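Participant: missing the sequence, but the structure's below:
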Ligand SMILES: [Zn+2]
Ligand SMILES: [Zn+2]
């Protein structure tokens, strides 16, 4: 697959926060043109595609199977954000502890699974 | 310029720790083939090239000026490592404070400018 | 089996109207016709990382009233636990092992949720920072139920610090799961009920309105909920000026409905005057005691499929 | 009578192989088929002059598990005991006389032995400074037995601080009373197993050896007892170098045999990585839980002439 | 202008042989023919984040002996500073403003270096964690110089905790910048002089050797440097056993060279016996006093281009 | 005599425009040409019943800068003063009688006024609870004067906590005694400048306005007085939202005029980003340094009939 229309400067953040450089499979990235990413021999659901939406609000996700496009997922805000962002609440139990960060997505707000406080989408980044 | 022969998995770390994705100028990266980076319209000294040596021990640094190679810097360990790595000493003043991390490079050891303790090159990463 | 059987009790927001009714009903039987063997040979862990005496004695009384045993502590300073590097998770995982249920209070928000993920035994949230304190709301609703004979269609005044009063936020939210309650809010302009709580109430077709005084609304009120209007929230000149109109006295109650019950979650300093205690409406001490029976009900339903009479 | 009936439990030194075996066999029996009235109408003192939450709760659960009651304290912080002039001897004389058994923990070595000479009632050393913590060793023996089906002829590794780690010393000492365990010592040069422990092992005809790394011995090991590498006996530069060698990750157990179990007397901090928890070899949390049954069995055997299981 | 004029004094490793000689020479004139106006109308900041009385009184005496004024504090607990979010950097930047030089002691390693980067006024390192304590070494060298009439070609015994004794590491390092010193090391096997310090000494063509006893080397020794052999570094049985052979008594000194001076950086408990005090060799109290004159010298050279007689 | 000779300095309320001007003009004079013997043979009490390091050291430097001496304390923690029963009145009567002037700081409002009625010697209010801190305002006026060449006809912005920020209140109050300053208030709705300050401004014919953001007003502003946004008057959810609007970065000053100066009474934590430090507009560290000269001038004017500059 290949992810297009990513904002320049927020695209580096995808590689890091989603550990896309982790498999043996080849991965390519171009910064400024907008950033862009291509990912050789790996699958991804329309579900998991949406995790990205938080960082690149309006970004095309195309897929290579057989040297050309087969499908073109466009992203919406998902229900959940499993371990991407730390909770802005300093007191939150999440912090020193062996758990995965998690927010429900609600005016676009993010609500901590744990402390249950609610933050503006931007304050989380 | 373009940096070759980078270990696969430590190459992502270069982009992050050295903020190579920061200028307007175009930047391209390929993971696994070894990682690799190309940097459109930016200059770099033989001095600054060496900062990288810590992460990719044996890595070729070629330079494009005019669609083809002009020079080929090969890296040695430099004297200094200005803000790349945090100091492994938990008590070190460096930690909460508005200063740049810094080690002298000495059996390949790293010696904190601040606390003056000395760490094995690996323990720092 | 009742819906709470083997469930974690972390948040009032995860307890439904039916469940809330089931809890207050169970709390009534255990109060009136007690069942001192319902937790025979059960060992209940009572871990108060943050000290809360009123609450802890309440739970510990509930546990033993039902035939259970107690283990645990009263604060973390008296402990050797969660020391330096040592996770809360590890601590829960171990103490959990010891017990059939894990009651915990903690200074940090989310600590009961975390606990529920590292315990094979049902955790009860005794209070996690500024987030949840479900059993407080449960004893509040039980007291309303018990004295009013219903939870539907009651007139409720909430008085004091509505803004940061986490106890009212839940009580309001909870009674909002019912029909026809009309809420009355009496606070300083700086301590109004949160915008977000009001949206909830609007989503849930519930009347609320603000009033300048307590007296103003007494003729119309079935339940009067007083919170604590703390000194921290302004400076001196402000507190002194604002405090006057948010203190309840017996004279305030001259036009009370004969069924009016005054509640306060405690502690209480000047906010309810001493002369209220003797009046037929004072129910804050009965309410505190109802902490035992609400927490019994919850422990009981959590550990027993069904409960008899 | 069983051999332990009415005996004081002070040191692992005065508990024979046969007694150890009976304790673990009894733990196993009690864990399979609890006996919730064994200590019925028995009152058990639990006096922790030095805080030990995991231990204290472990004991208190066991007592109550068997139908007994508990009196005492959890840190000498709150107590008015042994203040300016008053002997521990006097204190023990009074408190033991309230009770049928006397579980204590103390910061001064010899304190359980002294207790036993002033209590008319059996005392259980819950820990006395750097000297003994028998029930820890007993819970460690039980967990081995439970997962290996025996205590003879086992390959045990001990990792971390073997110089000052009293828990490894008593465990090595206990296992050394059994047949043909071969011990494997993995620790920094600066924290090698002490000279005198090693002599005792020679005298008990028990093979030991030193290894550089955990990973080296993993495929030939049944029990990996991890302890903490404390930074006190080093400085910052030392620790940060010497720690890396003695941290146990999921990656380290890749060549484990199926029956391998990872023990740690807890708390862990980073000497066992999080990712070991889910692996089939982790048994430290079960080990902690087995503290209850080990202490159940000791209390039982000490106070009951027979276990009519 | 002298080489230290307007310089920061952070590390003994940044002070050269000439500079060290210049300091001890200046310290001698200021001790013997004092100059009470050398810091007239200078205000010196004395900031002890970590409490060190011996050192602080020393500096404060030095400052005022030279005509200077003192501002600052004795620990951080008595302060309103470096609170919660507030950087050390900000704190230095402000207090620096007040003063013509900034003396500081701090629990954290590197704090004097950081300070030197946020102060427009020369900082003197009063001690930064386990890292540097230059003025201690400076008073040590001054005392050697003063009593020996040289710093070149002296026989020096270092006794006690050589491993973690940061004072010996510097003194050894410093005298290694000179010619022909031969070092003698007396410690437990566990507290030997660091491998890295020995490499330095080898790089610097300096004789060292280890000995089993103090007495063994006394006939050959000009200076005897006793450090403190702390209880922390072993358990009890170890300390008790090892302490005996590292205590100095008057009888130890029966074969002393008549020029032998016993030093100890203080405090001292059992490590030097009381009967040594009366002997012609005891110089630890004179050495402590030499803290004033070493710190005078340093403050003087730091703030005055040149210094006269 | 100057107007302040022998006067008590209790409140900014009782210091006229003319007196303020003379104080700042005197600071400027003393900073240009120190007078190191003005307070020769004068002993100055510096009694900080409440710790204030930056303030205390600021004062103590000033005293000693002028040739005076200092007696006193830095927190009432150490003192044996005003313990169980003993009046502050008595304490002040004794200590002031030791001295020629009496600098104090106290946690109870009115404490400097009381002091002035029991001291036969002038008292300088170094701070009395939430009431006054005149020398802070004076050091703030000086720094304005120093960088703007005047105090009339200035565009000043105040950012942060304007509801409870006493330093902005007295500063606004001081500047309001001068001609034609227009104030700009940038703060959360919940921390607007208080009603009563605003009335005083109307009565002093002084334009003020409210703005949403710092950046809005920057190009039309000469002084940007930053204060801290404390989380107490909010909860976690509030702060984390409301903080962002009132943090000053290098980016915020891009359209600054050249004479713009950023003031903060310190400590800062994150309300001024690190990257402002190097910008030409930062004057908070210079402001702190100017605390010495402001306090020099007050002490001078209070104790010396004339400054024979
Ligand atoms: Zn959270
Ligand atoms: Zn460091």
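Facilitator: Perfect, thanks for sending it. Numbering: from 1, shown residues only, chains lettered A, B, ... in the order given. Ligands and ions are numbered 1, 2, ... in the order given.
Participant: Can you give the distance of the helix or strand residue A:119 falls within from its chain's centre?
Facilitator: Assigned by DSSP states H and E, residue A:119 falls within strand A:118-120. Its chain's C-alpha centre and that of strand A:118-120 lie 18 Å apart, by C-alpha atoms, centre = their mean, to the nearest Å.
Participant: For it, name the packing helices and strands.
Facilitator: In terms of contacts (3 or more C-beta pairs under 8 Å, 6 or more residues apart in numbering or on different chains; DSSP states H and E), strand A:118-120 is packed against strand A:109-112, helix F:236-242. No exception for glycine: its C-beta is placed from N, CA and C like everyone else's.
Participant: residues in contact with the longest one?
Facilitator: The reference is to helix F:236-242. Identification of contacts with helix F:236-242 by C-beta atoms under 8 Å, 6 or more residues apart in numbering or on different chains yields A:88-91, A:117-120, A:123, C:109, C:130, F:188, F:190, F:229, F:231, F:234.
Participant: hang on, the earlier thing: anything in the strand holding residue A:119 near ligand 1?
Facilitator: No - if you take C-beta under 5 Å from the ion as the test, strand A:118-120 misses ligand 1, and the best it gets is 8.6 Å.
Participant: Buried residues in that strand, which are they?
Facilitator: By neighbour count on 16 or more other C-beta atoms under 10 Å in any protein chain shown, the buried set for strand A:118-120 is residue A:119.
Participant: do the same with stretch C:40-58
Facilitator: So, applying 16+ other C-beta under 10 Å, buried residues of stretch C:40-58: C:42-50, C:52, C:55-56, C:58.
Participant: and it, how far apart are its ends?
Facilitator: 18 Å (C-alpha to C-alpha, to the nearest Å).
Participant: That stretch and chain D, are they touching?
Facilitator: Yes - using C-beta under 8 Å from any C-beta of the partner chain, stretch C:40-58 reaches chain D at C:41, C:43, C:45.
Participant: for the first one, what are its contacts?
Facilitator: Spelled out, it's residue C:41. C:67, D:34, D:36.
Participant: Please report how far it lies from chain F.
Facilitator: 42 Å (C-beta to the nearest C-beta, to the nearest Å).
Participant: what's the neighbour count on whichever residue of chain A sits closest to ligand 2?
Facilitator: Nearest residue of chain A to ligand 2: residue A:96, at 22.6 Å (C-beta to the ion). Residue A:96 has 14 neighbours, counted by other C-beta atoms under 10 Å in any protein chain shown.
Participant: And the contacts of stretch A:20-34?
Facilitator: Contacts of stretch A:20-34 (C-beta under 8 Å, 6+ apart): A:4-8, A:11-12, A:14-15, A:35-42, B:9, B:11-12, B:21, B:24-33.
Participant: Please narrow those residues to those residing in strands.
Facilitator: Cross-referencing the contacts of stretch A:20-34 against strands under DSSP state E gives A:4-6, A:35-39, B:27-31.
Participant: can you redo these as JSON lines with distance to ligand 2 and neighbour count?
Facilitator: Below are these laid out as JSON lines (distance: C-beta to the ion, whole Å; neighbours: other C-beta atoms under 10 Å in any protein chain shown):
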{"residue": "A:4", "distance to ligand 2": "44", "neighbour count": "15"}
{"residue": "A:5", "distance to ligand 2": "43", "neighbour count": "16"}
{"residue": "A:6", "distance to ligand 2": "37", "neighbour count": "25"}
{"residue": "A:35", "distance to ligand 2": "35", "neighbour count": "25"}
{"residue": "A:36", "distance to ligand 2": "39", "neighbour count": "20"}
{"residue": "A:37", "distance to ligand 2": "36", "neighbour count": "23"}
{"residue": "A:38", "distance to ligand 2": "40", "neighbour count": "16"}
{"residue": "A:39", "distance to ligand 2": "39", "neighbour count": "21"}
{"residue": "B:27", "distance to ligand 2": "32", "neighbour count": "21"}
{"residue": "B:28", "distance to ligand 2": "36", "neighbour count": "17"}
{"residue": "B:29", "distance to ligand 2": "31", "neighbour count": "26"}
{"residue": "B:30", "distance to ligand 2": "35", "neighbour count": "19"}
{"residue": "B:31", "distance to ligand 2": "32", "neighbour count": "25"}
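Participant: ok, of those, which one's closest to residue E:306?
Facilitator: Taking C-beta to C-beta as the measure, residue E:306 lies nearest residue B:27 of these, at 56.7 Å.
Participant: is that closest one in a bridge, and if so with what?
Facilitator: residue A:31, residue B:39 (DSSP bridges).
Participant: ok, the buried residues of stretch C:40-58 vs residue F:309, which is closest?
Facilitator: Among these, residue C:50 lies closest to residue F:309 (C-beta to C-beta), at 60.6 Å.
Participant: how close does the closest one sit to chain B?
Facilitator: Note on residue C:50: its distance to chain B, by C-beta to the nearest C-beta, is 27 Å.
Participant: Residue C:283 too?
Facilitator: Taking C-beta to the nearest C-beta, one finds residue C:283 at 51 Å from chain B.
Participant: my guess is that residue contacts residue C:147, does it?
Facilitator: Yes - using C-beta atoms under 8 Å as the test, residue C:283 is close enough to residue C:147 to be in contact (6.2 Å).
Participant: where do the contact lists of these two overlap?
Facilitator: Counting by C-beta under 8 Å, 6+ apart, the residues touching both residue C:283 and residue C:147 are residue C:261.
Participant: tell me the domain ranges of chain A?
Facilitator: If you go by curated CATH domains, the domain ranges for chain A are A:1-78, A:79-125.
Participant: What parts of chain A come near chain D?
Facilitator: Contact residues (C-beta under 8 Å from any C-beta) of chain A with chain D: residue A:98.
Participant: Could you name the helices and strands sitting against the helix or strand encompassing residue C:198?
Facilitator: Secondary structure from DSSP H and E places residue C:198 in helix C:195-203. Packed against helix C:195-203, as judged by 3+ C-beta pairs under 8 Å, 6+ apart, are the following elements: helix C:166-175.
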